[PDB]
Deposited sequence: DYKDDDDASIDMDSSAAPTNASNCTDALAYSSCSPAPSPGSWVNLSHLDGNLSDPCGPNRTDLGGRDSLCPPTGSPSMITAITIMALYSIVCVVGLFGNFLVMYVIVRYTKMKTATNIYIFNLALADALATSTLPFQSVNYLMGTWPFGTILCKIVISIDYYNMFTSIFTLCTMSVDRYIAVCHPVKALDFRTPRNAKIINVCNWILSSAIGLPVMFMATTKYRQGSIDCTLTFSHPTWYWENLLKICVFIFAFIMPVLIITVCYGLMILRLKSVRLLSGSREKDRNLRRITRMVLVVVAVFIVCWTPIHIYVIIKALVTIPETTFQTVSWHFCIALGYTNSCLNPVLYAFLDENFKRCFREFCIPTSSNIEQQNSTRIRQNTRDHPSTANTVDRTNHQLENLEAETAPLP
């Protein structure tokens, strides 16, 4: 009741803040060509995915007060497909961003040649295709169930096998592989930063490189912190059939809320970790 309305209020606050912040990030990235760097290309996709995953929160939150789904199965389809597209889009974007830094640092000669913004958009597109390859089935099997109590929105499968096959294809192809690629790149960029006195030659350029890479790593770590709980809980709850409990329900709600709040946390990180973003957030906001 009171607790439920506080949960709804928190979800509404997260919805508004995340949508506004991610819209602002997309606009600031699109505003100027000097802000169209390769890192900004992937930041654009990350913010786009966050905005898409946040736009459905009013529907996802109104349900707590009714136990019913009046919005429609089409909207149910879209919301359920968004919930899955978000994980793949964002993690793949971060993996591509962390791989790009390796080309920038350890192979600067070919870095500028292969990191054109057209190539960045191409690796954004490929991320989209690979995510769609496991996202489209979610929408194609997502439909509402006309329960006796109240209509509900849920997935369907033909259902103990594929329901877990999708979970494995997420935990493997969308968490562990991208994390393992990010680590494999960073473990070598970090050594190339120290073993090389100056990377880009120009001291200002080297400082900009070591700072943009730090922001990329910070965003990557923020995403990992925010999303590891939900992935791990999703895997474990199915693995050991954890039964219903007060602590279990609270932890589930907290994990989902943190995963959704990452979307509105990203704007804070961009504001607190980049001179360009910080200046623009006041420039367009005044």
item	value
Chain regions without C-alpha coordinates, deposited sequence numbering	1 to 77, 236 to 237, 366 to 411
